[PDB]
Amino acid sequence: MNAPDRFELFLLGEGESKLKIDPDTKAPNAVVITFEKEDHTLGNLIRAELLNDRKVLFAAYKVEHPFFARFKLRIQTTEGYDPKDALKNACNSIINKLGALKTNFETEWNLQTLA
Amino acid sequence: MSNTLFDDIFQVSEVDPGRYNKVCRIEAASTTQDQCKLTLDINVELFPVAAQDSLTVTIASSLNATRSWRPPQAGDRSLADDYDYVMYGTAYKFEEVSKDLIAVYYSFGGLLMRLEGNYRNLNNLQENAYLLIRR
Amino acid sequence: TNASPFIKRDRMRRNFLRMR
Amino acid sequence: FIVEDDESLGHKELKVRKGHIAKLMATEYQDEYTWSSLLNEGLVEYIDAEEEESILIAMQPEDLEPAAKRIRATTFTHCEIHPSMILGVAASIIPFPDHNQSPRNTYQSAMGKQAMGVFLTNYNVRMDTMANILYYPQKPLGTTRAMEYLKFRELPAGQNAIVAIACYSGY
Amino acid sequence: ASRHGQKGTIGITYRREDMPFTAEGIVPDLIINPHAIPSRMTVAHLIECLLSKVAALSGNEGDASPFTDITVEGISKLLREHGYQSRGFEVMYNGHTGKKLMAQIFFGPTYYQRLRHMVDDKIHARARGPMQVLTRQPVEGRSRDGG
Amino acid sequence: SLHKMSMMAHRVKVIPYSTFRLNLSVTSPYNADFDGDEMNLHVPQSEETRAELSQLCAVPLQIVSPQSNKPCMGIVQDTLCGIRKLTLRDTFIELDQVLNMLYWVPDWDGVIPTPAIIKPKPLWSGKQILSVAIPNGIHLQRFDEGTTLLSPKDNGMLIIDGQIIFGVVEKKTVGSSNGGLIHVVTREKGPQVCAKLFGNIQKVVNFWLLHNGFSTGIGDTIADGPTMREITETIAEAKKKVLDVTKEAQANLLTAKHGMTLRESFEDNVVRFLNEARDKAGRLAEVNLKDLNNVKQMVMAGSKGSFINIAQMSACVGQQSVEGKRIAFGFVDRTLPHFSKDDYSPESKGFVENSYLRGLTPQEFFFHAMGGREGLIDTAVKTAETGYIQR
Amino acid sequence: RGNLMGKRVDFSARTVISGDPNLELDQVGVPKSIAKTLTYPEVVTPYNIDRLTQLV
Amino acid sequence: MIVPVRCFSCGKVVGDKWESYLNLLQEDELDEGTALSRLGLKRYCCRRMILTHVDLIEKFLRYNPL
Amino acid sequence: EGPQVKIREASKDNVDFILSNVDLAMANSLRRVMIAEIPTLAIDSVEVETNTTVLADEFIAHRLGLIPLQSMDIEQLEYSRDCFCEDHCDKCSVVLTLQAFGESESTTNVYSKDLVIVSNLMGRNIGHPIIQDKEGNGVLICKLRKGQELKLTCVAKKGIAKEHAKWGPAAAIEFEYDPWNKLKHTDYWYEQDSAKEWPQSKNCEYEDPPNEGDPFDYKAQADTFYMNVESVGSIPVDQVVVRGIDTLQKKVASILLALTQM
Amino acid sequence: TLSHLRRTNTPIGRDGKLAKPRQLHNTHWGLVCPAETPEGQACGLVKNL
Amino acid sequence: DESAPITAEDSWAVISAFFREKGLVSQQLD
Ligand SMILES: [Zn+2]
Ligand SMILES: [Zn+2]
């Protein structure tokens, strides 16, 4: 009997990490990352904003199979600049932009509530 | 080092839409050379054309073995890139017609083009090049 | 020309109700 | 329907009339014409499989009755009641059956007997070998007249769903 | 299966957030491949979908009624004045990235029913089970744990 | 199981959600749509049998059918339509999409090819990106009926060194055919690379088809007014020719065609006229039909549909058939009890003039039912006899 | 014809099928239930002793 | 059967609206399409369920169990 | 500051607004978070003490499971999951009870406004089933006549919309950008005219018409989105928008700290 | 259930010919449904009114 | 009028009368 349910759909790695940090062997300074318990709702955002950054050279994510809530992501960039530093810069950009969005939303919501 | 490899001025005779939506067919004659002729496909949305337009063409083997492609690096460039229409491709067939007039066929992704001409029958090209149009 | 795409009954129900 | 020949209105007409059909609707909404009471004065006729070698039928009650949509004799003796009643029980459920291929109709008429829905209403009482009852059985948005008589609107087959005819990459 | 001999099964399932979605947010129940249309020749399925959509919008439940005079042109005019595209097409967005799809697609309500051949009664496997008496072979019977 | 295929070996990837699961390309050798079919598994039990099973009965060394010397595999419906959609001169890809596609190709070496245009903008052509999945050192030519080495209609095919140069990818290139790409790569490079070729092509075209979207519907089937009017008058003049022949026959002067009896000649002439009418109308509808019509897109894209399918859904159904002769007088002197006796006008004897869009008048509906029933019973007898005579 | 030339067997399974464009041709997807029912013996070598020990 | 809870497509609660939609058709003599509009179901994925749901529950209910 | 926001109109139950100076993945991910990831409260497990009605037991369970519940104070308690307790302490769950009787001669309905909170509510606004109409009745559950009985014990838990549609607040969404198709992210199937055969967007007039003849503005990029959020009513709509932005950023910050800790 | 109540059946024998009663006939009009039939070993053998 | 002819829509009344009399299993019962 051993067919998985939806508990494993989003609960983070039980006896396991959140992510793998594995170096590619086909191009200089490339690293693949395996997130799990995530999907497009993450991955597209990270890829798009990381591509918006200029110092990177390649950024693309894929999900393997919709039966599994894991997905990969490949980053290479020019020398000196670490890909992990690129990723953490990207995350900082994301947190700061949508925190601003949140603020802005409560301001306008309170304004629209008349008086 | 990587100079122009053929340059000329072309007067378009007329343009064929090609029954498509973004690419068309353009044929032209050289103003200087009376026998050199051209046909070409243009992604017409980035560079609309019509009849009676003077065009400048440039072959430009490189811009100064190749690496991966790069996002274009906004710094100043000593290259053949002060044009308006720059397009990379590959030669694939050579042809001798009229025992003087060479012809050659360059592909561009799926786009095709053609020259004529008998003066530069050795200076002409080699296996792949860019393509530069201005104006 | 009205081409009749759906159903109706009760208009004719009252139609005979006052035709009677 | 029987069609008399000689009308004082001239040409030709079927004998039954608007007054009779109004009397029928009144009897229905009473909730004393019957089918039999319509028989007993010569308005309809029972016809076996042979008198068709002796009679002549009209499709519509207008088709030859007065002398960009669809492409569509003066001796008619009968006119058929409604051409959709050449069908059978299963095939009376296929919406617009005149608008597809006949073998597809034959498949559908086979498969429909394998469908599931309700089948009776005392199903909470009847012990049975295997029974199949679904949760929220919906009458179909499209429908035809016959399945009103089939009580199908009361006991529907399946549910109706929002579809999309796309190829969304995989499956 | 439909009411037109389009029998089929579920490949996989998705939630809404990666189901495709239209501008009003009507996320569809189910998607079938276009290639089941031409070779099966099943026009009336399409006609039903169109008429069902306009019936639901108007409130007035539709009418199939074989040898009547209802045409798709009349259906189209009625649906257009309800405020949608005259052939039932729809602009619709890739629910992964939110980007527009290029080609507009068909869309609408349609009547299905669920068939009895369910997979839980057809899955069957056996490794070294019971064993017949007259011929000393694996016995028959999916219920009887046969081979 | 009937032929050498349908016992094929596989490797196993265990998956959740109980059902089997297999690639779409291997579907037709098994001859199995997903309408509710069922397969069988057979686990080997020892080293010899595992080895010989893997070295003989595995799929990738059975691409070429020994029975008919062309490959039995290929790519099919969705990816075929998507691959013709992607390989057109009139389409293009930008940077983020091409990065994701390149990462979807699994053996991608890590070099991004330079775009065809740097124009002001970086864009890649579908031919260019699809050339990544094609491995290197492959060559192929088509040269059909256009193809002046400057192919204006973009028909034909050419590949230099794993790179498309020109030509719309089509079933005549990537489906099962004699000079097909699959045939070439299996014969040349090695008959297990082709498995990875299917994997790469299928993955990339499926991703791009996801982000392009493709569909069809009623408006594909509907026609244009003037063309419909021409269809109507074409069928009308065909009816006029038939009526003229009937008058000549009923006036007892006919040529009485040699080798045939008088009524046979009459029947031959009228059936010839009606079928010509149907063909002419169908051609008219097809040559009217727009390039954005999706059933046209599939039908010239290989996979499904047909010229006769387009013709029958839009223009005309055509004359129904019961073994060559048209519908006979089952009732005495007439086909069906709604006409007077002794007719031979085509609507009385069974010409379904109308079309599936407009629906059928009930008599025509009945004759259509006749033809379909004939097909079904013929299938139901031929299957048993052919099974016996195969055994 | 029913016991010698063909017969019942063992080690087999039977379900229904569906497409998948994420399996290459030589692969087949099998439910965990079926792979828990079926089996296959292995002989214990020096090479596989630890893996088989863990798997036991 | 009862009206469903929660339209399958969209998710908006339906089932409060049922007996209201009934008495919109009992005494108010109102056309039903406008009845659903005035009930306030402007998308149509929600609209199909009220317009097509049949009520078998009372036909069940007219037995006399226990 | 960054991504400006403009409110077109608002109500008790739906928000319609404008979002600018943002990228496409940003907006789309907000949409998906907001449709799938919002934590809430819903009834989850149920014990039939006594059923008699016509209506079947797992209908009663399933139709229970879909009644929306008051979830303002949802953040105060924690998952049953993560809870230090076992078997539904007050500090991870809440308990619901239903009572019915075939009292009258007529059929008696059982509305959602009959189930009552039993356990410690600890002063946090949780669990009261929403009454949307103006006639007191909640949503209909079940009908009875003269002899049928229901006695229900119910437990609600946290849950999120990803593993079941019970735990959704979302209920609908809308989304639109470039209503005039200036970005050319589609082209229209047609047979005479794209312009004639398609209805204009309602959001057309918010941007100028495409000025008819100017060349293709290739360098441009999508912005200025058009959202309409419409909650079911288990939680106010401003709360669902703000919580969705909050939980998305919580997710991203979590991945950041995981990376730094690695 | 209704379809099964109105249902007709004929015997033929072992194999039978073609234009013998498997195929649909003109006289069947308006009496027996020209659309339903089971397929396989009974097509044209089992028909419904 | 009462003696006017019948437009084709109306015959469903006749069909209703027929079914209300006979039922469907009438041949079995008869
Ligand atoms: Zn809804
Ligand atoms: Zn607790």
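Here chain F follows Swiss-Prot for its numbers: 449-839, in order, are the residues you see.
Note: Cβ is positioned from N, Cα and C throughout, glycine not excepted.
Noted in Swiss-Prot for the protein shown:
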type     : residues               : note
BINDING  : F:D481, F:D483         : Mg(2+) 2 binding site
BINDING  : F:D481, F:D483, F:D485 : Mg(2+) 1 binding site
CROSSLNK : F:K695                 : ubiquitin cross-link
REGION   : F:810-822              : region 'Bridging helix'
- Taking DSSP helix as H, G and I and strand as E and B, the region 'Bridging helix' (F:810-822) has 13 helix, 0 strand, 0 coil
- Message: Counting other Cβ atoms within 10 Å of each residue's Cβ, which of the binding-site residues F:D481, F:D483, F:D485 comes out lowest?
- Response: F:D483
- Query: Which whole-number value in Å describes the distance between the Cα atoms of F:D485 (Mg(2+) 1 binding site) and F:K695 (ubiquitin cross-link)?
  - Reply: 56
- Report the residues of the chain - excluding F:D481, F:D483, F:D485 - with C-beta within 8 Å of the mean position of the site's C-beta atoms, for the recorded Mg(2+) 1 site, in sequence order. F:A480, F:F482, F:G484
- Would you identify the secondary structure of F:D481 (Mg(2+) 2 binding site) according to DSSP, in three states? coil
- Item | Spatial separation of F:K695 (ubiquitin cross-link) from F:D481 (Mg(2+) 2 binding site) - C-alpha basis, Å | 52
- Between F:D483 (Mg(2+) 2 binding site) and F:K695 (ubiquitin cross-link), what C-alpha distance do you get in Å? 52
- Message: Return the count of C-beta atoms lying within 10 angstroms of the C-beta of F:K695 (ubiquitin cross-link), excluding that atom itself.
- Response: 9
- Note on the structure: Residues among the recorded positions F:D481, F:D483, F:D485, F:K695 lying close to chain G by Cβ (under 8 Å) are F:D485
- Task: Would you list the recorded positions among F:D481, F:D483, F:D485, F:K695 that come within less than 8 Å, Cβ to Cβ, of chain E, in the order they occur in the sequence, writing 'none' if nothing qualifies?
- Result: F:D483
